[PDB]
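None of the figures in this text is laboratory data; all of them are computed from the coordinates on show. Every residue, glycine as well, gets a Cβ built from its backbone with ideal geometry; the counts of neighbours run over all protein chains shown.
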Amino acid sequence: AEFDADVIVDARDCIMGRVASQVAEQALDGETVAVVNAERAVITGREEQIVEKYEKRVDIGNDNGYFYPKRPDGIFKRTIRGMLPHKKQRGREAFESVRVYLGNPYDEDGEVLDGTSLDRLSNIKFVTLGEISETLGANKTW
Amino acid sequence: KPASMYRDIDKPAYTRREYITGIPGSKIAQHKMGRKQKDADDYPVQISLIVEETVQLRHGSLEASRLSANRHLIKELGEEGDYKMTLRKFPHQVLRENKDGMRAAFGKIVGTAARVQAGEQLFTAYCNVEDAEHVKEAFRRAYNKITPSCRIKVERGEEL
Amino acid sequence: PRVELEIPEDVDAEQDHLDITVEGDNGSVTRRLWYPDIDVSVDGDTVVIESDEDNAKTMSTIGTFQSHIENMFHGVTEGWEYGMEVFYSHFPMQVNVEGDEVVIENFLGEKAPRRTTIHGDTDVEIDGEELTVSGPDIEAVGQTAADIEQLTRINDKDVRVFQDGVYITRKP
Amino acid sequence: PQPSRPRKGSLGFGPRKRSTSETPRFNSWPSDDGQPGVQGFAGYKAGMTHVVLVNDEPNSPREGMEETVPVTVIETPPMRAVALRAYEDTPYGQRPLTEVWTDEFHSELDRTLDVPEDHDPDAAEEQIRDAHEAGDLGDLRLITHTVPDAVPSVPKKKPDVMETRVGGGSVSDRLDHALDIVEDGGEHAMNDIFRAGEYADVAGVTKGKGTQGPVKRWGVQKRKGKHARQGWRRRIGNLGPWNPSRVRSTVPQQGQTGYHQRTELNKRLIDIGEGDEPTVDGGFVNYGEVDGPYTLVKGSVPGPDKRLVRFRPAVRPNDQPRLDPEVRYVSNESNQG
RNA sequence: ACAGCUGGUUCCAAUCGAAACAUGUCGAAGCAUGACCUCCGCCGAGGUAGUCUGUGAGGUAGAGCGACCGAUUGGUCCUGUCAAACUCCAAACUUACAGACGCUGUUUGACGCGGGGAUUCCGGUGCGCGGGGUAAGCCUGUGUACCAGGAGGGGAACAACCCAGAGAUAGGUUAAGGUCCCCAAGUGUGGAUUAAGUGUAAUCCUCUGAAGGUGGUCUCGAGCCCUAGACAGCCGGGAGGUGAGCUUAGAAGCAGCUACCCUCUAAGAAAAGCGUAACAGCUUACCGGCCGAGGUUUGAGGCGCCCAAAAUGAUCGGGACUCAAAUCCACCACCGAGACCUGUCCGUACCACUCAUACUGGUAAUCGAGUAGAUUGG
RNA sequence: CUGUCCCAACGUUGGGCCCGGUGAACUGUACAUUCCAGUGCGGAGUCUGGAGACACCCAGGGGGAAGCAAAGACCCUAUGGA
RNA sequence: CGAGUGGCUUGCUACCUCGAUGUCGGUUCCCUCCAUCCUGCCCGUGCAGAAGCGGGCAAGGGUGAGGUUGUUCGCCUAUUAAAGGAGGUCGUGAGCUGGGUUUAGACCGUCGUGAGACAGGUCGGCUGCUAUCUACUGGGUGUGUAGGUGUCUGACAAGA
RNA sequence: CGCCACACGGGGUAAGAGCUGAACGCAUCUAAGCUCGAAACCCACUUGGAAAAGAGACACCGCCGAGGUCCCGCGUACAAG
Ligand SMILES: CO[C@H]1C[C@H](O[C@H]2[C@H](C)[C@@H](O[C@@H]3O[C@H](C)C[C@H](N(C)C)[C@H]3OC(C)=O)[C@@H](C)C[C@@]3(CO3)C(=O)[C@H](C)[C@@H](OC(C)=O)[C@@H](C)[C@@H](C)OC(=O)[C@@H]2C)O[C@@H](C)[C@@H]1OC(C)=O
Ligand SMILES: [Cl-]
Ligand SMILES: [Cl-]
Ligand SMILES: [Cl-]
Ligand SMILES: [Cl-]
Ligand SMILES: [Cl-]
Ligand SMILES: [Cl-]
Ligand SMILES: [Cl-]
Ligand SMILES: [K+]
Ligand SMILES: [Mg+2]
Ligand SMILES: [Mg+2]
Ligand SMILES: [Mg+2]
Ligand SMILES: [Mg+2]
Ligand SMILES: [Mg+2]
Ligand SMILES: [Mg+2]
Ligand SMILES: [Mg+2]
Ligand SMILES: [Mg+2]
Ligand SMILES: [Mg+2]
Ligand SMILES: [Mg+2]
Ligand SMILES: [Mg+2]
Ligand SMILES: [Mg+2]
Ligand SMILES: [Mg+2]
Ligand SMILES: [Mg+2]
Ligand SMILES: [Mg+2]
Ligand SMILES: [Mg+2]
Ligand SMILES: [Mg+2]
Ligand SMILES: [Mg+2]
Ligand SMILES: [Mg+2]
Ligand SMILES: [Mg+2]
Ligand SMILES: [Mg+2]
Ligand SMILES: [Mg+2]
Ligand code: NA
Ligand code: NA
Ligand code: NA
Ligand code: NA
Ligand code: NA
Ligand code: NA
Ligand code: NA
Ligand code: NA
Ligand code: NA
Ligand code: NA
Ligand code: NA
Ligand code: NA
Ligand code: NA
Ligand code: NA
Ligand code: NA
Ligand code: NA
Ligand code: NA
Ligand code: NA
Ligand code: NA
Ligand code: NA
Ligand code: NA
Ligand code: NA
Ligand code: NA
Ligand code: NA
Ligand code: NA
Ligand code: NA
Ligand SMILES: [Sr+2]
Ligand SMILES: [Sr+2]
Ligand SMILES: [Sr+2]
Ligand SMILES: [Sr+2]
Ligand SMILES: [Sr+2]
Ligand SMILES: [Sr+2]
Ligand SMILES: [Sr+2]
Ligand SMILES: [Sr+2]
Ligand SMILES: [Sr+2]
Ligand SMILES: [Sr+2]
Ligand SMILES: [Sr+2]
Ligand SMILES: [Sr+2]
Ligand SMILES: [Sr+2]
Ligand SMILES: [Sr+2]
Ligand SMILES: [Sr+2]
Ligand SMILES: [Sr+2]
Ligand SMILES: [Sr+2]
Ligand SMILES: [Sr+2]
Ligand SMILES: [Sr+2]
Ligand SMILES: [Sr+2]
Ligand SMILES: [Sr+2]
Ligand SMILES: [Sr+2]
Ligand SMILES: [Sr+2]
Ligand SMILES: [Sr+2]
Ligand SMILES: [Sr+2]
Ligand SMILES: [Sr+2]
Ligand SMILES: [Sr+2]
Ligand SMILES: [Sr+2]
Ligand SMILES: [Sr+2]
Ligand SMILES: [Sr+2]
């Protein structure tokens, strides 16, 4: 429900970490970013291990807790939080001025950032965030 | 006892028997194997087992590797085959063990070891062209019972 | 490298993205041919599998893609046929094709019927103690034929004494 | 070597705190099979009596013989489905769209709700149909209340409002079925949803037992032998090891017991009827007399007398329904004696 | 009461600045005397932390032993190994004295001498070399630098690892280290490798991973065969004398013994492997055909993989990273200390002037960190 | 012989909880909402990294503060004592 | 013979605490590890079958009752699918118990001239504290979200 | 100590059994691809859960009045609340 975004980024076929690193740098530069099509975002490597790293993060916890998101919505949001000093005033403002969305709820198509796109024709060892979330046990709502 | 207690060359050279008493005899039977009457120059093929790291090999390991090497040569070439193998290293370094805590720590004599430098020949077998793959297998079994990684270097083998 | 495959007169093959569709008188086979830097294209009369890389891994798949396309040609013309024989030593095994699945009844004395589902456009025909698995996609036929052999799998007892089951007689 | 033993009590019904709503809320609903219908009803617990039955089970060696079965009597008067709520499929789960209400309201519904005076049942209905056209319509549920006024033994006149799901045929046909019930007056009985012999899931908020200790709450042991006389009788050994330097939430502690929502699975409906056939002599202890629409549910049901219990067709039944069991005798003997 | 034992001992600043060692001690939780720190007076021109050369001292490393000595192989000279308490040899290096250059001293008086006051004699770590010990964040030596008593920068945190020795203030450039985000600076360039999330971990109690194994993959060399058609696969042939002889009831490619010959021919064993009681039956050698381009053998290197099991919640600091944000080879530009350069000021020391230690002017690349402690102004 | 136990239940009396009145002590370097790891004189709420965490209050049983309490009563040492 | 993993035993070392970090065993209650005893799915067999033997994946659940002994350990019995092992300050004394080790009393044996000793045995021999902080179990009051009533959604969380 | 209730099935995997298949004309379960396959995992089911700071949704009532609190009679509730 309405977010006055300055920049709208398209995560489709883009390497998650590389996008997140730029979305962080821009959030700290006062830009209001919005990451779009995060279900279709990419992460490279052997699926089997990538899933194990995320499945462990779900199983980790205690009474204090460790809230790790299962949906590709929150997974991207947490990755961005990882590149920002979110406990500081300047960092919380930056993080809160960044929102991840499933699909594209805007009118405009998002821009693909430089050096973030993965050439599917050149790569076979990767995963879609939606694939990770389906394995984690999340409800497919995209 | 494990070889980890005696494999390194960090201790001084302790060999002088005129000051060391109660040294246990070598478990090694013989250094000259096969047809010890024939010459080493009478063979077209000379293959040596070369030690890659600088270690100390105990008499028990020297014997265990020699036994499982010569036993294969006796199995494949017979008890009187046309070969001759030599174990050129002798167990000169005397080994101790502190077996009272760390007081009067200098241990009692428990055995003997052979200081072999890297690149040195531990074993050297002389054979005929046809028996070459049998001796390469005698050494593959022998290098499995010592401490370092090894090389099977053919010194007189243009026949391949 | 580049391996050019001439398409037979009986066949016509269309391609979009990474998916190749091969149509002929015996049917239609669609497969996905995806591997890094390998391009599979239609030159109207020939199918071209090419890459800029000549390493062992890439070379392995260029050869696999060839034998896949060659197999799709033979599938849409002559077809693929696997032959099987049902053997029993004490209990009369009632093999039947019921719906889209081949059902085996009273195997080794069981009250419960053993059943496996048929993969795609594969046809299983029964003529007594002989079964013939046939179709255009080798992936489908090969597996349906295998599924049948694997349906009479016995782990609990000796295979040498309890030899009952349907077995592959003819491999194409 | 210290013998093994399962932990005291289940961690699945946690946290063991007081229920938010005294009226139970189902979190699961049945699958869409046959003809469209309301997936649940409700009543008010009356008490227990036994019934004699003829064994229905084909696999029982006692098939056809006399058999005594414990049964709980629940007064189930007709409920009113006052509205049709519609949900839409959003990227954030299901969200309510609009609601279709009515004109006919029960005399005392204003004791709970702020009854609608001005509503557009047509524009609401239109939004639902334009959403079905778009392929965004999720499920179809009805807002429903009870008539506690119809039950003389229950003090309350204030209706217990709760939402129930309508499943069945196509989403288009069950939209029609749903609107059709509402447009009238929303009146429906247990005969409309259930048939005697079927397996139902009964939800309820348990008997409130206030604050109780570990022995009652978690079923831990009492201190045994010599330990029992030392000053510690009903307290556990320890609150955990040295490390971790904290008390885990898994260690049995004191607190609230009862007044928890429980959904008891696979409850057989022995009989559905009307009148005074199941009433006990001298009236049901701490309840009253039964004369009207009821339901006889096999065994126990969560909650005390006078409490509202909810019904739903079993989401996971074990046995196949053996409809309309033969009732040879229902006991009317006093519960005092 | 006495105690060699625990605790405490109150204001500011400036100069120098340790010892945790040696000899003796009913001595080892203490002292004394030396080493070493500081202060004063004296003497009066040399001094020697570095280097080179010259004149001397030396037997550790290495090596070797028909060179002594003593261990320690086998054969019918030859052949196989060793040494803290061996030496026919023999360094690097350390060391005496002297000369030379350097540096230093003659108003800052060095070198030295005499006297006053100490503190100190539980040390620790890194590196090199050690001796003991299975090992140790072990014990005990030695040389050295460091912590102790050393800030600041880096290393996630962290006495001794890297940079760096530091008056105040200010501008600038760098060092170690770093440049995808967190986080200042590159999602830098040319080329290659790795697919394991290997790795993104200098050093380490701290960061493991071994013997053994690997048609995972990349690179490099050697030999041999190949359009007179190789390697493989598929087809056809694999035959006669004779079922060799002997053995044996039988043995006929194939139980065993010996031999292992010659015809046909393009090949085809007195048969390499199964198989039969023995035959038969199935391929092997060997020849031909189809086919059509490299194939086969071995050596070496690179990265990875297997080997690989632990207790509350997984980790390179975290995120997360795959033609990299990994690894290796080159290269480009930057970020980054109190270091280095630079403006002013302060303290201290010395010089000129002076009664002045009052001013004024000057010099310091060769002054400015400090626990115990000596000295001095407030 | 029996609630010692299987295996716990219900009850009685006084407390406990709420209200009026009365009214101490122990303890206190400071800061303090923690948790999982790591590091550190090798047994950290405070260091480092992450995670979690809106404030205040009532009741509880005591997991941690190597909890509070007593200059270890073991062991060694003192040119100690009886 | 050779290479290692673990950190349950024992030994070594003497880094931490002697202005005190309560013992062994047991008990109670909680979490965990896998090198798996049972259960699930597998492979081999000297796999006819039945009953086994060996190995693989696998830690969800289970692994119990008793006789001697303070015992841990261990021995023994009958049951059982099986009656696995180990970590948590050898988990757990501001929870219990106090049978053993290890005070002061006493006996026996051995040793000693003797006081008295013993890594010998034996009988008797004490268990403190009103919870400030933190932690968790349950219960409230406020503030934020920015008028109310009723119905819901589901990020995540728990389960054997 | 009594009585009632407490699945099945899907999806993806491990060990494993296979299919198609190349490097390496053959062969090969694996290198790309695919079919199966554990009491284990995910879903299913139960419980909690608008303080989820993106601090949510719907319907209706009300903003001079909707609704709530105190009050009174009581418990399907309860140590205060
Ligand atoms: C271990 O046995 C204890 C038993 C008892 O424990 C004490 C009391 C607890 C003791 O505390 C414990 O003492 C041990 C010697 C050491 C132990 N620490 C190692 C932990 C210490 O703490 C413990 C054991 O928890 C006691 C000394 C406490 C204290 C303050 O010093 C003390 O003296 C007070 C005036 C106590 O009186 C006496 C005679 O002890 C009183 C407070 C009473 C009421 O409390 C007690 O008596 C408790 C029963 O008496 C001690 C002297 C024993 O010590 C030994 C070695 O046997
Ligand atoms: Cl958690
Ligand atoms: Cl932060
Ligand atoms: Cl790839
Ligand atoms: Cl108890
Ligand atoms: Cl300095
Ligand atoms: Cl990873
Ligand atoms: Cl002054
Ligand atoms: K202590
Ligand atoms: Mg069997
Ligand atoms: Mg009664
Ligand atoms: Mg009665
Ligand atoms: Mg001063
Ligand atoms: Mg001054
Ligand atoms: Mg030497
Ligand atoms: Mg000091
Ligand atoms: Mg930056
Ligand atoms: Mg790693
Ligand atoms: Mg304590
Ligand atoms: Mg003391
Ligand atoms: Mg004493
Ligand atoms: Mg005395
Ligand atoms: Mg295992
Ligand atoms: Mg478990
Ligand atoms: Mg007992
Ligand atoms: Mg303990
Ligand atoms: Mg405790
Ligand atoms: Mg207490
Ligand atoms: Mg006793
Ligand atoms: Mg006793
Ligand atoms: Mg006590
Ligand atoms: Na990645
Ligand atoms: Na989590
Ligand atoms: Na001794
Ligand atoms: Na008590
Ligand atoms: Na404790
Ligand atoms: Na004295
Ligand atoms: Na001394
Ligand atoms: Na002393
Ligand atoms: Na040397
Ligand atoms: Na000079
Ligand atoms: Na000293
Ligand atoms: Na220094
Ligand atoms: Na630092
Ligand atoms: Na990694
Ligand atoms: Na000083
Ligand atoms: Na009693
Ligand atoms: Na506590
Ligand atoms: Na180890
Ligand atoms: Na130990
Ligand atoms: Na105990
Ligand atoms: Na298990
Ligand atoms: Na016992
Ligand atoms: Na302890
Ligand atoms: Na106690
Ligand atoms: Na105890
Ligand atoms: Na499954
Ligand atoms: Sr950037
Ligand atoms: Sr050494
Ligand atoms: Sr000792
Ligand atoms: Sr070896
Ligand atoms: Sr235990
Ligand atoms: Sr509901
Ligand atoms: Sr729910
Ligand atoms: Sr007691
Ligand atoms: Sr702790
Ligand atoms: Sr010297
Ligand atoms: Sr780059
Ligand atoms: Sr590059
Ligand atoms: Sr450590
Ligand atoms: Sr290392
Ligand atoms: Sr190796
Ligand atoms: Sr494992
Ligand atoms: Sr200064
Ligand atoms: Sr100074
Ligand atoms: Sr309390
Ligand atoms: Sr005392
Ligand atoms: Sr098993
Ligand atoms: Sr007993
Ligand atoms: Sr023990
Ligand atoms: Sr014993
Ligand atoms: Sr006792
Ligand atoms: Sr004793
Ligand atoms: Sr005893
Ligand atoms: Sr606020
Ligand atoms: Sr497999
Ligand atoms: Sr809210």
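Of note, A:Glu47 does not satisfy the criterion of being among the acidic types (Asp, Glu) and more than 16 Å from ligand 4 (Cβ to nearest atom). Kindly indicate the residue of segment D:1-31 that is small (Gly, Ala, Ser) and at negative phi and also nearest to ligand 5 (Cβ to nearest atom) among those meeting that condition. Selected residue: D:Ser4.
Here's the yes/no breakdown for (1) surrounded by fewer than 16 Cβ atoms within 10 Å (Cβ to Cβ); (2) under 22 Å from the mean Cα position of the chain (by Cα):
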residue: D:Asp110; (1), (2): yes, no
residue: D:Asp114; (1), (2): yes, no
residue: D:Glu117; (1), (2): yes, no
residue: D:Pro121; (1), (2): no, no
residue: D:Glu126; (1), (2): yes, no
residue: D:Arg129; (1), (2): yes, no
residue: D:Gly135; (1), (2): yes, no
residue: D:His145; (1), (2): no, yes
residue: D:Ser153; (1), (2): no, yes
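Residues in segment A:85-142 that are within 14 Å of another protein chain (Cβ to nearest Cβ) and among the charged types (D, E, K, R): A:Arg99, A:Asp119, A:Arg120, A:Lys125, A:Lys140. Annotation note: of D:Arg80, D:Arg85, D:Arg95, the sole residue that is closer than 30 Å to D:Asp176 by Cα and within 14 Å of chain A (Cβ to nearest Cβ) is D:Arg95.
Taking the conditions (1) within 11 Å of RNA strand E (Cβ to nearest atom); (2) surrounded by fewer than 19 Cβ atoms within 10 Å (Cβ to Cβ) in turn, B:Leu95 satisfies each one other than (2). Residues of segment A:57-84 that are farther than 20 Å from A:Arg40 by Cα, within 14 Å of another protein chain (Cβ to nearest Cβ) and charged (D, E, K, R): A:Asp63 alone. Would you point out the residue of segment A:38-56, among those that are within 30 Å of A:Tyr106 (Cβ to Cβ) and outside any strand (DSSP E or B), that is farthest from the other protein chains (Cβ to nearest Cβ)? The selected residue is A:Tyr54.
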